[PDB]
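Novice: Following this message is one structure expressed as structure tokens.
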Amino acid sequence: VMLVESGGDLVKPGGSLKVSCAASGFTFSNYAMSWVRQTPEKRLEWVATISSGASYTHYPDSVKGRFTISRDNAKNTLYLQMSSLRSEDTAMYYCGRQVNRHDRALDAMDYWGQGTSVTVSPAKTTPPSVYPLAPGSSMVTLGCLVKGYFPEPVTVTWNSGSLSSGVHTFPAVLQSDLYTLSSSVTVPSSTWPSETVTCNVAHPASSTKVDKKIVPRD
Amino acid sequence: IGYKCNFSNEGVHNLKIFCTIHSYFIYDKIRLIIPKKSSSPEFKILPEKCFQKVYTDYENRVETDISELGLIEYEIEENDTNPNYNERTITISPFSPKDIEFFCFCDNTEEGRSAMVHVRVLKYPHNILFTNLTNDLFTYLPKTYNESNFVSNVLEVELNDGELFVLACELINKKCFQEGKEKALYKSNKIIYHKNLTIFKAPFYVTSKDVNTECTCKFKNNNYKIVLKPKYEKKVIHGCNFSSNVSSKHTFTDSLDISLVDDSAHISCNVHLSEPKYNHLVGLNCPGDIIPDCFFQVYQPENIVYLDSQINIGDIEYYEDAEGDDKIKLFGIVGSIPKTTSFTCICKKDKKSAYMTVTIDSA
Amino acid sequence: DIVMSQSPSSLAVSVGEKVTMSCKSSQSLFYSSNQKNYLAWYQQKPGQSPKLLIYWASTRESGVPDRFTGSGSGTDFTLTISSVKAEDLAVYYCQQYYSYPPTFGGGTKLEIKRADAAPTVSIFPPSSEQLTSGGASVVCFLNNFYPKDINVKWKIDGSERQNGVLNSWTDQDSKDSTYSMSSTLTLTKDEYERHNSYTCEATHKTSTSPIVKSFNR
Ligand SMILES: *[C@@H]1O[C@H](CO)[C@@H](O[C@@H]2O[C@H](CO)[C@@H](O[C@@H]3O[C@H](CO[C@H]4O[C@H](CO)[C@@H](O)[C@H](O)[C@@H]4O)[C@@H](O)[C@H](O)[C@@H]3O)[C@H](O)[C@H]2NC(C)=O)[C@H](O)[C@H]1NC(C)=O
Ligand SMILES: *[C@@H]1O[C@H](CO)[C@@H](O[C@@H]2O[C@H](CO)[C@@H](O)[C@H](O)[C@H]2NC(C)=O)[C@H](O)[C@H]1NC(C)=O
Ligand SMILES: *[C@@H]1O[C@H](CO)[C@@H](O)[C@H](O)[C@H]1NC(C)=O
Ligand SMILES: *[C@@H]1O[C@H](CO)[C@@H](O)[C@H](O)[C@H]1NC(C)=O
């Protein structure tokens, strides 16, 4: 059983966006599907559900009209057309699957997807500015700084994903209309400065050639 | 629609030709002609109470009563009231879970047209959905979705192509399964009511995906609601589009505007089919007068005859519709045919006459 | 139109003790005919998808350990676990499905008991590259401690400041169950040379005296 989402992207307040959801490991036409979103306060809320034969559809009274659920059994895909988006609509969207052990139109979700992030802010898509963090003037602890980027997310890895020796990727925070994030890692004193210390950064919808290593200056 | 076997000379079959029925029909009458007082010179029925006791095999006819076969919920009336002929009747239920068959016979005196009677019942090809909300127990062990399956006193149910919906409601509710709720309605082929036990036959050809119908049955001071809706699938119509209009909800294989051709050539529009098993829709869209009555009474190939008489398949549903002056008649077919057959229908507008010949193969 | 009041919000429990949760309901969730309570409980592991555990508010699904046990009827619903493991640090939501729309609760996080540890503070001066394009930010790291409560204040040549401060907290780590906090003061290049003494104090339960850390340009 696998459920792959796609389509997460920022859009200006009022625009529109279409997302997808692929299915694997079961007969699509035999199960009902549904979508569920999660606010930045990690509060869950139901958004839409559609039946197997794509005839009976239900939405909550808050999003009625602007959101359009749809499914294509031939391709095993589930679609959701969001229109006239607002600040409130920004969240993480999952395409859970209703259980049909009971022949009831309404039931719980056995298997969930992984999610895809949509953004409503009218902020300009800006690339990050990575800066190294080294101490000036016992075990070594290094850091990396990512400031001035939009939007989330940004993936940080050390030495090309080959460093899990106490790595902390702190959550991001909004300053004015630009994000800011940092990461840390504690290595033995014997390692630095004799070993390689690469800070790998990545950003979606944008290009990111930044593998800045930390220089032990002054 | 209804099966009838003439044992008088007034009909097509005369008795002064055999009647073979290999079908699966549901809750229907069966009329049997038998003149008794007028003249019965050694004219008998074999056995005397055929609808109560009837044999099982022609190679060895043994006495077997109706209640010792495996049939479910039948009705045997034997009226001798009409002053012109005497009638024998029986009703068939679809709940039969097996394929059973029987034989009856009739004898004459004067080389008096001896006829043979062979009928076999088929367990319904598709499946049926039972919902016995009314408190009444059945040992049929079918698929029954009782009180619990309703979400806050409403039930949404989609039907595949050719399924039956069963609903047990001993309470009298009007406009049941005939008043659609949306702008278009879910047209059923057969809605019947016995012991106020509802039946809905899902058609194979529909127009729009947003069609529906309702029934607001009552039970224990509660108004439950059932809404029907079809599992949509758009299918081409094999035939000839003669109407000039392009904006239509039907898609035809062959196409030609009959209004723009010349008057000197009455051209035809042929259609051929060759598959092992069949499941297609066949009709035409004629803006003018359609003659003869198509498709129940098509014209014979190279004479007016019944459609089911030539195809020899009971599963032939008929569908009709019009869009302004455009007249659209068609029919659907499911199942292998016994022998390759043909037929024609004719469209005529003013001084123009087009002919649509169809050919259906067995292999 | 269905209110699911979950309580409590946080829950600090030891490693292996019986934990009890509740899910309040604004209306009855019970069909008298079927005799089953319409409710379900979920588990959202850290940074992962929520998964179903108990449907019908009593029975488990195929693939759920026996430690879990749902209970309750009508409106008062309870969820009890026996021998807590280590990655069970998830947020558990309870969903209803009696009537549309299916509403969810607020969730209940699962804090793990831990032997309180002192924080590992470490200050960092601005890099040379950030200084070249008109920017100067000092980052103080406090990567490992317990419990979450901590207060970091800045010193700038004796002055206490809180304007350009930015903070982030990681959730309970699945590797050692220790929290982490980062602080960041952002300022223009020019304001940096105006001062020279910068201090990141740290208040904790482990030491009565504050845990300071300073650097001078
Ligand atoms: C409509 O069809 C439904 C099919 O699911 C019927 O649901 C069944 O209804 C009966 C009677 O209310 C329930 O039986 C009761 O169960 C309780 C609970 O004890 C145990 O019950 C079953 C026994 O196997 C078990 O699965 C449970 O977990 C409980 O441990 C008893 O205290 C009662 O004495 C009685 O036995 C069924 O549980 C319930 N479900 C099923 C799947 O059978 C419903 O009754 C029908 N309604 C109408 C109006 O016809
Ligand atoms: C409707 O169909 C159901 C199908 O479950 C039947 O209910 C029976 O209810 C009795 C109650 O004691 C059970 O012992 C039987 O086992 C049930 N039948 C089956 C097939 O499980 C019944 O025929 C109909 N009526 C009601 C009220 O349910
Ligand atoms: C069933 O109800 C209908 C309501 O229209 C009524 O016409 C009919 O007489 C009732 N009884 C039977 C056996 O159909
Ligand atoms: C009907 O037939 C005409 C023939 O001229 C064709 O132009 C038209 O497209 C047909 N309509 C449809 C819906 O195919």
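Ordering of the structure tokens sets the chain letters (A, B, ...), residue numbers begin anew at 1 in every chain, and ligands are numbered from 1 in the order given.
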Pull out every residue of chain C sitting within 7 Å of chain A, counting only C-alpha atoms, and send them as JSON, numbers by chain.
Specialist: {"C": [40, 49, 50, 51, 52, 97, 101, 102, 103, 104, 106, 124, 125, 127, 129, 130, 168, 169, 170]}
Novice: Would you name the residues within 7 Å of ligand 2, counting only C-alpha atoms and all ligand atoms, and put them as an NGL selection string?
Specialist: :B and (131-139 or 141-142 or 144 or 146)
Novice: Export, as a CSV table (one decimal), in the first residue's frame, the selected residues with C-alpha atoms.
Specialist:
```
chain,number,residue,atom,x,y,z
B,131,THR,CA,-32.3,-3.7,2.1
B,132,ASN,CA,-34.9,-5.1,4.5
B,133,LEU,CA,-35.5,-2.1,6.8
B,134,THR,CA,-38.9,-3.4,7.7
B,135,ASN,CA,-38.7,-6.1,10.4
B,136,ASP,CA,-39.2,-9.3,8.4
B,137,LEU,CA,-36.7,-12.2,8.4
B,138,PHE,CA,-35.7,-14.0,5.2
B,139,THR,CA,-33.7,-17.3,4.8
B,141,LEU,CA,-29.1,-15.1,3.1
B,142,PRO,CA,-28.6,-12.3,0.6
B,144,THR,CA,-28.9,-7.0,3.3
B,146,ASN,CA,-30.3,-2.8,7.3
```
Novice: When distances are computed from only C-alpha atoms, which of B:293, B:320, B:325, B:210 shows the smallest separation from chain A?
Specialist: B:210
Novice: Could you list, as number ranges by chain, the residues of chain A having an atom within 10 Å of chain B when counting only C-alpha atoms?
Specialist: A: 51-57, 102-106
Novice: Got a sec to pull out which chain C residues are within 12 Å of chain B, counting only C-alpha atoms, and send them as a PyMOL selection string?
Specialist: chain C and resi 29-36+38+97-102
Novice: Mind the document's chain letters and residue numbers, and return as a ChimeraX atom specification the residues of chain C that DSSP labels alpha helix (DSSP H).
Specialist: /C:128-132,189-194
Novice: List all protein, DNA and RNA residues that have an atom no more than 8 Å from any atom of ligand 4, counting only C-alpha atoms and all ligand atoms, and report them as a compact mmCIF listing (two decimals) with N, CA, C and O atoms, in the first residue's frame.
Specialist:
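Contents of part.txt, freshly written:
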```txt
# COMPACT_ATOMS: atom_id res chain seq x y z
N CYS B 240 -26.03 5.47 -37.54
CA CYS B 240 -25.77 6.56 -38.47
C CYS B 240 -26.42 7.85 -37.98
O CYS B 240 -27.64 7.89 -37.78
N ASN B 241 -25.61 8.89 -37.81
CA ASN B 241 -26.10 10.21 -37.42
C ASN B 241 -26.56 10.94 -38.67
O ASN B 241 -25.75 11.31 -39.52
N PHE B 242 -27.88 11.14 -38.80
CA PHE B 242 -28.42 11.84 -39.95
C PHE B 242 -28.72 13.31 -39.68
O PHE B 242 -28.82 14.09 -40.64
N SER B 243 -28.84 13.71 -38.42
CA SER B 243 -29.18 15.09 -38.09
C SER B 243 -27.97 15.99 -38.27
O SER B 243 -26.83 15.61 -37.97
N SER B 244 -28.23 17.20 -38.77
CA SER B 244 -27.14 18.13 -39.08
C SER B 244 -26.48 18.67 -37.83
O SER B 244 -25.29 19.01 -37.86
N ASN B 245 -27.23 18.77 -36.73
CA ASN B 245 -26.68 19.37 -35.52
C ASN B 245 -25.49 18.57 -35.00
O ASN B 245 -25.49 17.33 -35.03
N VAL B 246 -24.48 19.31 -34.53
CA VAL B 246 -23.29 18.71 -33.96
C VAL B 246 -23.32 18.67 -32.43
O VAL B 246 -22.77 17.74 -31.85
N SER B 247 -23.95 19.66 -31.77
CA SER B 247 -24.08 19.69 -30.31
C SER B 247 -25.12 18.67 -29.87
O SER B 247 -26.32 18.95 -29.84
N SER B 248 -24.65 17.49 -29.47
CA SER B 248 -25.53 16.42 -29.04
C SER B 248 -24.83 15.62 -27.95
O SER B 248 -23.61 15.62 -27.84
N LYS B 249 -25.63 14.94 -27.13
CA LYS B 249 -25.13 14.10 -26.06
C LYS B 249 -24.94 12.65 -26.48
O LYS B 249 -24.74 11.79 -25.63
N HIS B 250 -25.00 12.37 -27.78
CA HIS B 250 -24.83 11.02 -28.31
C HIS B 250 -23.71 11.01 -29.33
O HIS B 250 -23.49 11.99 -30.06
N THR B 251 -22.98 9.90 -29.39
CA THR B 251 -21.83 9.75 -30.27
C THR B 251 -22.05 8.56 -31.19
O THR B 251 -22.16 7.42 -30.72
N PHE B 252 -22.12 8.82 -32.49
CA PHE B 252 -22.43 7.80 -33.48
C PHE B 252 -21.19 7.37 -34.24
O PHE B 252 -20.26 8.16 -34.46
N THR B 253 -21.18 6.11 -34.66
CA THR B 253 -20.07 5.58 -35.45
C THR B 253 -20.05 6.20 -36.85
O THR B 253 -19.11 6.91 -37.22
N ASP B 254 -21.09 5.93 -37.64
CA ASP B 254 -21.22 6.51 -38.97
C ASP B 254 -22.03 7.80 -38.90
O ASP B 254 -22.89 7.97 -38.03
N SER B 255 -21.74 8.72 -39.82
CA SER B 255 -22.36 10.04 -39.79
C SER B 255 -22.46 10.60 -41.20
O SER B 255 -21.52 10.49 -41.99
N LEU B 256 -23.60 11.22 -41.49
CA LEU B 256 -23.84 11.87 -42.78
C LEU B 256 -25.10 12.73 -42.63
O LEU B 256 -26.10 12.26 -42.10
N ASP B 257 -25.03 13.97 -43.10
CA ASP B 257 -26.17 14.87 -43.04
C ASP B 257 -27.10 14.56 -44.21
O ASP B 257 -26.75 14.78 -45.37
N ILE B 258 -28.30 14.05 -43.89
CA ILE B 258 -29.26 13.67 -44.91
C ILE B 258 -29.89 14.88 -45.61
O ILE B 258 -30.54 14.71 -46.65
N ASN B 285 -30.12 8.19 -35.47
CA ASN B 285 -30.63 9.53 -35.16
C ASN B 285 -31.16 10.13 -36.46
O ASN B 285 -30.39 10.68 -37.26
```
Novice: Kindly compile the residues surrounding ligand 3 within 7 Å, counting only C-alpha atoms and all ligand atoms, and format them as a ChimeraX atom specification.
Specialist: /B:172-174,193-196
Novice: Restricting the output to C-alpha atoms, write the selected residues as a PDB file, in the first residue's frame.
Specialist:
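Generated output (result.pdb):
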```pdb
ATOM      1  CA  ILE B 172     -47.113   3.012   1.601  1.00  0.00           C
ATOM      2  CA  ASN B 173     -44.867   5.742   0.175  1.00  0.00           C
ATOM      3  CA  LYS B 174     -45.906   7.661  -2.911  1.00  0.00           C
ATOM      4  CA  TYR B 193     -44.005  -3.603  -6.598  1.00  0.00           C
ATOM      5  CA  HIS B 194     -45.041  -6.959  -5.102  1.00  0.00           C
ATOM      6  CA  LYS B 195     -45.905  -7.283  -1.397  1.00  0.00           C
ATOM      7  CA  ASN B 196     -44.692  -3.668  -1.474  1.00  0.00           C
TER       8      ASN B 196
END
```
Novice: Can you pull out every residue from stretch 7-174 of chain C that DSSP, working from the backbone, puts in strand (DSSP E or B), and format the result as a count of residues only?
Specialist: 80
Novice: Measuring between only C-alpha atoms, which one of A:24, A:16, A:49, A:176 shows the shortest distance to residue A:77?
Specialist: A:24
Novice: Of the candidates B:120, B:340, B:228, B:220, which one gets nearest to ligand 1 if we count only C-alpha atoms and all ligand atoms?
Specialist: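 Among the listed residues, the smallest separation from ligand 1 belongs to B:220.
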Novice: Leaving out residue C:85 and any residue of its chain fewer than 6 positions from it, which residues lie within 10 Å of it when counting only C-alpha atoms, given as a VMD selection string?
Specialist: chain C and resid 14 to 17 67 112
Novice: Go through C:197, C:26, C:96, C:37 and flag the residue nearest ligand 1, using only C-alpha atoms and all ligand atoms for the distances.
Specialist: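 Closest candidate: C:37.
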Novice: Considering only C-alpha atoms, can you say which of B:204, B:175, B:236, B:59 comes closest to residue B:217?
Specialist: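 Using only C-alpha atoms, residue B:217 sits closest to B:175.
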Novice: Find the spatial neighbours of residue B:316, counting only C-alpha atoms, within a cut-off of 6 Å - ignore same-chain residues fewer than 2 positions away - and output them as a list in words.
Specialist: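 My reading of the contact set: residues 314, 332 and 333 of chain B.
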Novice: Show me, as a list in words, the residues that have an atom within 7 Å of residue C:107 when counting only C-alpha atoms, minus same-chain residues fewer than 5 positions from it.
Specialist: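 Result of the neighbour search: residues 6, 9, 91, 92 and 93 of chain C.
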Novice: Okay, now the selection with C-alpha atoms, as an mmCIF file, in the first residue's frame?
Specialist:
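Writing done, so here's part.cif:
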```
data_model
loop_
_atom_site.group_PDB
_atom_site.id
_atom_site.type_symbol
_atom_site.label_atom_id
_atom_site.label_comp_id
_atom_site.auth_asym_id
_atom_site.auth_seq_id
_atom_site.Cartn_x
_atom_site.Cartn_y
_atom_site.Cartn_z
ATOM 1 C CA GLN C 6 -9.374 16.285 24.122
ATOM 2 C CA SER C 9 -2.742 18.547 26.289
ATOM 3 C CA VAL C 91 0.536 12.902 19.179
ATOM 4 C CA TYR C 92 -2.693 10.896 19.451
ATOM 5 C CA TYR C 93 -5.876 12.293 17.874
#
```
